[PDB]
Amino acid sequence: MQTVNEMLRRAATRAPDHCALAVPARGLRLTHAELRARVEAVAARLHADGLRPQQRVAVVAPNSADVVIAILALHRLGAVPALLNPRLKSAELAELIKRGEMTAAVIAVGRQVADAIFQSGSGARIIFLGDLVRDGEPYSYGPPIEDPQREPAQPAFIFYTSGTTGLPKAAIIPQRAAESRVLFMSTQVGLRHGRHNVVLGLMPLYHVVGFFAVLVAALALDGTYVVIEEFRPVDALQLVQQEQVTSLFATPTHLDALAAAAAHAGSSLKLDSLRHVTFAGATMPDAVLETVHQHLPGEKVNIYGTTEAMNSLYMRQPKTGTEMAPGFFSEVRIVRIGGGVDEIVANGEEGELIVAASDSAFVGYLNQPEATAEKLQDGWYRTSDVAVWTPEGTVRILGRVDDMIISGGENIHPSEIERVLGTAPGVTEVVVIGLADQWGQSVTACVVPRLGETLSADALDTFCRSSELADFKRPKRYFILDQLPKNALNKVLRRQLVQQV
Ligand SMILES: Nc1ncnc2c1ncn2[C@@H]1O[C@H](COP(=O)(O)OC(=O)c2ccc(Cl)cc2)[C@@H](O)[C@H]1O
C-alpha cells in the first residue's frame, strides 16, 4: 500500500522545490520540501507534548494551510485525525469528541466550542490551531521523531457522515483505502501525475472528497493545492485564471454560482487552463447542469460517492445528474429493498444500490456496531440509495431509501416531485413528505414562497397537472410555509417537518 503519508513523502522526493501549497490572498507559498519540513516539525512538537500513534485527535477548522499542515502532522505522527464540520453546533461537536474517546482536539473555531468541550466531561486536550502552526510557520521544539509502522487494516482517519436522523456517525477509514481514494481521480476523472497539476481546494477538508480526492491527490500527483478560505464565485474564477488551475471539484451549488458568474464575466475571465470540472455529493438539477456545460470550460464529470466507500459510479459529459456507471475499483448491484445482497432485481425494477466493500471501504463506524452491521453485509456496503438500471446500461439514482414514500403500493421519490415543484412560479423552496395515512402514506408538499409572493394549493396542483408527473405522484395536500426546519448543516429535519404539519 501507499498510505497518505507515503504518497506525500514520495512526491516530496520527486518534486522537492515545486509549489505544494499556495495561499494567494495571504501571499503564502510552500514547496513540497518546505511543507514536509513543517509537517515533521509540527509532528515532533505534538510528540514532545505526549501524543502517540493510534490515539484519536479531533480537528475542527475552516480550510487553511495551517490545518493542512496540522492534519498531515497528526497522520505523520501516527495519530488518527477525526475531521469535523465547523458548522456543527458546539454541543454536537463536544458530544462527538466525547463518544469518540479522543486524546485531544485541534480547533480554529470560537471560545464557545472550547468551553463546551471542557464543560462536557470528555478527557480531550484542547489545542488551538494557531498555537501549533500560524501562517505556515510552526512553533517548533524537540525534532525529529520515528516514522511509525502502519498496517493496511489499521485506522488512518475518521470522517463523519449523517444517519437516519443523526448524530453523524464516525466512519473509520483504514490505511489501505487512501490509494484508491486518490487514484479514482486519475482512472475516472483523468487527472495524471505531474507538476502541471493546479487543484483549486474548493471542497472542505472535513469531507472525504475535500481531503483524499482534492488535497491528497493534488500533492500525491506532485502538483499544487490552492487553498480557498471562503467561497466567492468571481474570486474563485480569478484564481482559476491567476493560478492557472487545471482542475476543480465542487458541489452543484458552487457550480451553479460559478457558471452564472462566468456567464456574466464572458471573455473578461480567461478559464483556458481549466481541464477538469468535477462534481459529486448531491444530485444536480438539469438546469444547473446545462449552464455548467454552457458557461464553464473543461471536461465535466459526475461522481457518485460515499464517505464509506468513496467512488462507485461516474459519468463523463453528463446529460442528467442522475445517471452514472461503475468505474475502476468498483463493483455494484441493485438489490430488493431490505433483502439480501444476492437478491438482484429484474433491471428496470427499483431496489437498493450496494457496492462491494474492498480496499477503499471504511472498516466500521466507531462505537456503533449495530449501524455497522446494517451497512456492511457479506462483503458489500449498502448505500441506502434507491436506484434503477436504465435500458442504456446505466444506474439511475432515484433518492434515499429513507426519503421514499410508499403510497398505495408505490414507491414515490420526493426528489422527483421537488424537482418539478421547484420550477413553479413563486416557489423558493420545497420539500415533499409522506404523511401517515391509515393508504400507508399520502404525498404532501411543503412549499416556501419567494420573498413577498403568495402561493396557493389550487395553483400548485394545476401546475403539477400540467407537468410530466404521473397522476399517482401529484401531492394530495400542500402546506405553504415561511421556513423549513433545518439543522446547523442546513438540511431539512424531515421527521420534525412531519410533526410540525
Ligand atoms: N453525484 C451524485 N449524485 C447524486 N447523489 C450523490 C452523488 N454523490 C454522492 N451522492 C449521495 O450523496 C450522499 C452524500 O454523502 P456524504 O457522506 O455527505 O459524502 C458525499 O457526497 C461523497 C460524494 C462522492 C465521494 Cl467519491 C465520496 C463522498 C452520498 O451518501 C450519496 O448517497
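Please give the direction-averaged projected area of the C-alpha convex hull for the range 1-174, in square nanometres with one decimal.
10.5 nm²
For the range 131-216, state what percent of all Cα-Cα pairs lands in each successive 10 Å bin, counting from 0 Å until the bin that includes the largest distance.
For the range 131-216, the pair-distance distribution reads 13, 31, 38, 17, 1.
Points 7 angstrom from Cα along the Cβ direction at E137 and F328: gap in nanometres?
4.3 nm
For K473, which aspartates and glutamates qualify as cross-link partners when the Cα separation must be under 12 Å and same-chain residues fewer than eight apart are set aside?
Here the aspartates and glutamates satisfying the reach criterion relative to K473 are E410, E416, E418, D461.
Quick one: net charge of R494's neighbours, Cβ under 11 Å, K/R +1, D/E -1?
Net of charged neighbours comes to +2.
Using only the alpha-carbon atoms, what does the range 374-472 span along each of its principal axes? Please give whole angstrom values in decreasing order.
Sorted from largest, the Cα extents of the range 374-472 read 53, 36, 26 Å.
Can you tell me the mean projection area, over all orientations, of the convex hull of the chain's alpha carbons? Units nm², please. Mind showing how you got there, number by number?
Numbers: hull surface 96.2 nm².
If you wrap the Cα atoms of the chain in a convex hull and average its projections, you get 24.1 nm².
I need the Kirkwood Rh of the range 213-309: take the reciprocal of the average 1/r across all distinct C-alpha pairs and report it in angstrom.
Numbers: mean 1/r = 0.0720 Å⁻¹.
Kirkwood hydrodynamic radius for the range 213-309: 13.9 Å.
Name the residues whose placed amide hydrogens come within less than 5 Å of the amide hydrogen of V198, ignoring near sequence neighbours (fewer than 5 apart) on the same chain.
Here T224, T246, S247 satisfy the definition.
Nearest 0.05, what FRET efficiency do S267 and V234 give at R0 = 22 Å with Cβ-Cβ as r? Working shown, then result.
Numbers: r = 15 Å, r/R0 = 0.67.
That gives a FRET efficiency of 0.90.
Counting DSSP beta bridges in the chain, what percent are antiparallel, to the nearest 5?
Once the DSSP bridges in the chain are tallied, antiparallel ones form about 60 percent.
May I ask you to give the average projected area over all directions of the convex hull of the Cα atoms of the range 59-118, in nm² rounded to one decimal?
Mean projected area of the Cα convex hull: 3.8 nm².
Would you mind classifying the range 322-401 by shape? Square roots of the alpha carbon gyration tensor eigenvalues, ordered a ≥ b ≥ c; an a/c under 1.5 is rounded, otherwise it is prolate if a/b is larger than b/c and oblate if not. List each step's numbers first, then the result.
Numbers: a/c = 2.11, a/b = 1.59, b/c = 1.33.
Since a/c reaches 1.5 and a/b is larger than b/c, the shape of the range 322-401 is classed as prolate.
Given Cβ point charges of +1 (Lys, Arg) and -1 (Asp, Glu) and nothing else, what value in debye, to the nearest 20, does the dipole of the chain about its Cα centre take?
That gives the chain a dipole magnitude of about 900 debye.
Under the Karplus relation 6.51 cos²θ - 1.76 cosθ + 1.60, θ = phi - 60°, what is the ordered set of whole-Hz ³J(HN,Hα) values for the range 443-448, x standing for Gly and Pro?
6, 10, 9, 10, 10, 10
Tell me which of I354, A156, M185 sits at the most positive position along the dipole axis of the chain, charges placed on C-beta atoms (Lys, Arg +1; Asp, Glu -1).
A156
With a/c under 1.5 counting as rounded, go ahead and sort the range 74-179 into rounded, prolate or oblate using the C-alpha gyration tensor (a ≥ b ≥ c being the square roots of the eigenvalues; past the cut-off, prolate if a/b is larger than b/c, else oblate).
oblate
Taking the Cα centre of the range 322-401 as origin and charging only Cβ (+1 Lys, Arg; -1 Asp, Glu), how large is the dipole, in debye to the nearest 20?
For the range 322-401, the charge dipole is close to 140 debye.
How far apart, in nm, are two points set 7 Å out from the Cα along the Cα-to-Cβ line at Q112 and at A371?
In this crude spin-label approximation the distance works out to 2.5 nm.
How many nm separate the modelled label positions at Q294 and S466, each set 7 Å beyond the Cα in the direction of the Cβ?
With each label placed 7 Å out from Cα toward Cβ, I get 2.1 nm.
Would you mind putting 486-499, 395-408, 265-278 in packing order, based on average other-beta-carbon counts within 10 Å, highest first?
With the highest mean Cβ count within 10 Å placed first, the list reads 395-408, 265-278, 486-499.
As I understand it, the dipole of the range 175-321 uses +1 on the Cβ of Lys and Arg and -1 on the Cβ of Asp and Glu, about the Cα centre. Which of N311, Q238, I228 lies farthest toward its positive end?
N311
Which value, in debye to the nearest 20, gives the size of the charge dipole of the range 39-103 about its Cα centre, when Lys and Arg are +1 and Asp and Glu are -1 at the Cβ?
120 debye
At a Förster radius of 30 Å, what calculated FRET efficiency corresponds to the Cβ-Cβ distance of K89 and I337, to the nearest 0.05? The partial results should precede the final answer.
Numbers: r = 33 Å, r/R0 = 1.09.
The calculated FRET efficiency here is 0.35.
Backbone-built Cβ (ideal geometry, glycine too); neighbour counts: all protein chains shown. We did not get these values from a lab; they are worked out from the coordinates using the rules stated.
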